[PDB]
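Chains as they are written, first to last, in the deposited numbering: chain A, 49 to 272; chain A', 49 to 272; chain A'', 49 to 272; chain C, 100 to 246; chain B, 19 to 221; chain B', 19 to 221. A prime marks a further copy of an entry chain.
Here a beta-carbon is modelled for each residue, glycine too, at the ideal position from N, C-alpha and C.
Below is one structure, written out as structure tokens, with a few remarks after it.
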């Protein structure tokens, strides 16, 4: 009987459809499930990459959930796909960056909340900020010889209830930015050996997601 | 929910209509009601008027509930309107007549049931009836010097179950007459000073009314 | 101690003033009191007067509580003073009129609620109304030979909550009228002997009074 | 009928219940909007658009169905407890009114229909009252109000 | 069921998503706005000067209360504009600022309808209060609703309900050099306000 | 204690006369006007035509809900104009009038913020309802409040809260001579409306 329904009436839309005779399809054989969001996005995913061409230059990139900004500057691949399925987001993120190439390089990375005075996004230039201004916001000082990779949790500091990935114009310039991560290099002296970085973003267990949207039409998804 | 109904179905026609939210409109502030028939028509209303141009002439008028007879001979104003709302009538009436002008005038008024030998209606002529025939039917003898007004109850004497105001042709000439009231004047000797009469009809508490009709189209109602 | 107070503070304004030593001044020797309104205005007071100069002319006057209309057309003497002490009024009135001079005069007086089609106020002219229109509103038919005086209670019929005596302009033309009383004369034939009327208004026990005003400055009170 | 009862009276109050009766086929479709506009009857009602009308109380009706009749009950709204019969008196006066306000009937959706049926649906308007009070009788002949 | 009433054959259940959420951390801590917080607040009416050149029983400020409260300026305009009929009570503030080197006094009387004739010296009959440089600079008057109909009508009102008046009760006087004037203010609010009769026609 | 707050040394008791009277005979029998009777009623938004020349996935009416509800026309303008911040839910009516000789269908989807990119064919994910000439001419959609701040700001809003969209779900078609169009209407009301932030500056 369940093979006929009126979908123009939403009350009958929650009916359990039946068509032919069936059996219960047993169980799933592997223990964990892969459809829980906190697992699928539990895996880390790609974010961005940049290289330094000279000593004592500082680099800065925002983490922008906007759909409008197209890669190489923006969210590529999966993240661009994942943050557009749902309307809102809040809660911390787990950031992992990976160092390659040259060695014996000191560096100090900090995190800057949205709106505060900070270097221009996606621009590689000498730092304009007072050294006293940097360490106040908090920072980690890392050397490339010993580790070469850093896994650190970005906090949630914002004056917004939450951040959104689908916006247009005047709103998209403000609400859609999560925060800025910056990396300064020092003692790069030889310009050879090609020091390069890469970032990887992950989602925590304290993150939330709200109000499912529609997925992106194929011409939207891109790659670097 | 009461804002929708099918009036082509009489069972649902007795439904209590509701449209918007409402409150009970308190009370009426004056004690008596004016929509009870025995009150509205409790007030007296106009009937007819006539004047005598010479001594020892007798006048006679029927009380006719017919709609066909147009004033000055017929029912004017309110009565013409009131006796056409309902189909039937029965029971006594309260008659009040008022005398004006000349003084020291004896008069004798009687009441004649329908059908019996009587003077021609709406005609002012010398009495054709035996003086012995008058007082038998009953009469009141009044003098104009002392009173000048008389309030007397017409009885219900008829061979009909009831009388009707809406009739046509052969029926309207017979059933539609309630009875005849006549007034004879004597000792009018000086033709000056202009003796004149007026009647006023009222409805009793013993009257009845049956089977509501439709009210009269405006071209019907008239005035003297 | 009661000889000192602050009248700028209304709470202490209800204090019982004492100044010198006193005794209770016994009793009032006559039983009834004259300061109860329903007694002082229980007495009747003057209203208006008019005379008829020819036969079959009709006269009409409104009862207007307005202060603006100055006598001879308006409220004279006491009434003009009494209806301006308080803001509002409602409830029936007791009207008494008195006939003088010529005799054997039929007349019919009626009462017309405010706003309905009626003769022009304070104008003596032949009646413009259908005789069928008069008796419907109700009327009393009186002869001057027998009585010569009539005491009749005007009803309260109005679409206003109450009527007011102090008004200006657009309001004073409408709200301030209680109702219209009219008197038609008939059989006045000899123009001699000077038939004249007078009215007297009284207040009932069902009347009310609201919100005391300030009494009238002396240049206001007038006489006919 | 309701007229011939009140044409003899000065004052009244209550709720006038209009009953709108459509006479369509089953194949027409469309809606109407009955917009009640409290006030007096001398106000200018014509300069009102459709969007401005949904503010005032209204009811939207559908033409197709097995219910052809809409009962619409005007709640009594006035500054004075009783209205009055001015038609006896000759001319207008400020503050003395008869109606409690005007009714409007818009065209909310257009009227669609195939070729083989008539394109216009006549609608009768009934009238009757409830909680009706009266007083102060008189005699009057109320002329047809035309337009 | 409020006012707009749909009568339909074909209708259907609505589709909700989620539901009203209470705030564990509030954005704004003030009471949620409503009629009682809007209509009933204090509003300013008339502001004039009181000078020594005003003789006895001169009229400093003659006000029409309801006519002044209805204006685009005051947020109570929001309700009154879309409602045809109203009835209500009124409250009044009269605040002045004497310097104790001055002397004199005023009277503030709420008269229903109009003053018309009746005596000036009797204004102490009407609900009133007295300003004096000796005692107090403030009065509060609160009067219920008085009128000859059921309710007020804002588009074309019959006659002004409460027409406030202020007379100089004793001539103002000062010494040599003392400030010769004082400010004067009036405040008013509706009370227990009740509305009826929605309508577009105001626009 | 509401908002306007007097702080005075010299103050005094007010002088009442009479007191609030209930009506033994009411002048108007409708509920006394208030917020719940004003703000929450149904209002009209957009009225357009739906024609056969509209291809598949053509957009009949693109609406901005909150921007349209705020206008001098609708009496809800009364409250919103004098309040700076608000939060609220929305309800939606979409009413059309098919004649059964026609065929086709529409979709009415409430999208928060903007559509932006995401697929048209997925609009059945958003809270929605389907119009069809076979079944029903009416849909009701009711959505709670979604936004990236605490409350909406009417003077200079960041981005439109609920921007409603309507796409043609299947091409309209008729026979020979049949009426080629149909009316289309949209209704909306605020729900559980809460206000804050009084202010003159709107005028």
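DSSP state of residue i mapped onto helix, strand, coil
i, result
"residue 208 of chain A'", "coil"
"residue 44 of chain B'", "coil"
"residue 129 of chain A''", "helix"
"residue 153 of chain C", "helix"
"residue 105 of chain C", "helix"
"residue 95 of chain B'", "helix"
"residue 168 of chain C", "strand"
"residue 179 of chain A'", "helix"
"residue 235 of chain C", "strand"
"residue 226 of chain A'", "strand"
"residue 173 of chain A'", "strand"
"residue 62 of chain A''", "helix"
"residue 211 of chain B", "strand"
"residue 72 of chain A''", "coil"
"residue 150 of chain A''", "coil"
"residue 85 of chain B'", "helix"
"residue 245 of chain A'", "strand"
Cβ neighbour criterion (16 or more within 10 Å) applied to residue i
i, result
"residue 189 of chain A'", "exposed"
"residue 73 of chain A'", "buried"
"residue 56 of chain B'", "buried"
"residue 110 of chain C", "buried"
"residue 74 of chain B", "exposed"
"residue 31 of chain B", "exposed"
"residue 157 of chain A", "buried"
"residue 40 of chain B'", "exposed"
"residue 177 of chain B", "buried"
"residue 195 of chain A''", "exposed"
"residue 53 of chain B'", "buried"
"residue 206 of chain C", "exposed"
When the options are compared against residue i, the one with the closest alpha-carbon
i, options, result
"residue 77 of chain B", "B:83, B:193, B:85, B:66", "B:66"
"residue 150 of chain B'", "B':102, B':50, B':219, B':190", "B':190"
"residue 133 of chain A", "A:105, A:183, A:264, A:99", "A:264"
"residue 132 of chain B'", "A:126, A:108, A:219", "A:219"
"residue 247 of chain A", "A:197, A:217, A:185", "A:197"
"residue 86 of chain A", "A:262, A:267, A:257, A:269", "A:257"
"residue 167 of chain A''", "A'':80, A'':229, A'':239", "A'':229"
"residue 167 of chain B'", "B':106, B':187, B':146", "B':106"
Pair within 8 Å by beta-carbon distance, residue i and residue j
i, j, result
"residue 52 of chain A", "residue 148 of chain B'", "no"
"residue 139 of chain A'", "residue 255 of chain A'", "yes"
"residue 158 of chain B", "residue 111 of chain B", "yes"
"residue 21 of chain B", "residue 93 of chain B'", "no"
"residue 170 of chain C", "residue 58 of chain A'", "no"
"residue 148 of chain A''", "residue 193 of chain A''", "no"
"residue 216 of chain A''", "residue 134 of chain B", "yes"
"residue 161 of chain A", "residue 107 of chain A", "no"
"residue 113 of chain B", "residue 179 of chain B", "no"
"residue 219 of chain B", "residue 136 of chain C", "yes"
"residue 199 of chain C", "residue 182 of chain C", "yes"
Whole-number beta carbon distance between residue j and residue i, since they are thought to touch under 8 Å
i, j, result
"residue 153 of chain A", "residue 243 of chain A", "6 Å"
"residue 102 of chain B'", "residue 171 of chain B'", "7 Å"
"residue 90 of chain B", "residue 208 of chain B", "At roughly 17 Å, the Cβ-Cβ gap does not stay under 8 Å, so residue 90 of chain B and residue 208 of chain B are not in contact."
"residue 44 of chain A'", "residue 212 of chain A'", "Shown here, chain A' extends from 49 to 272; a query on residue 44 of chain A' therefore has no answer."
"residue 196 of chain B'", "residue 213 of chain C", "5 Å"
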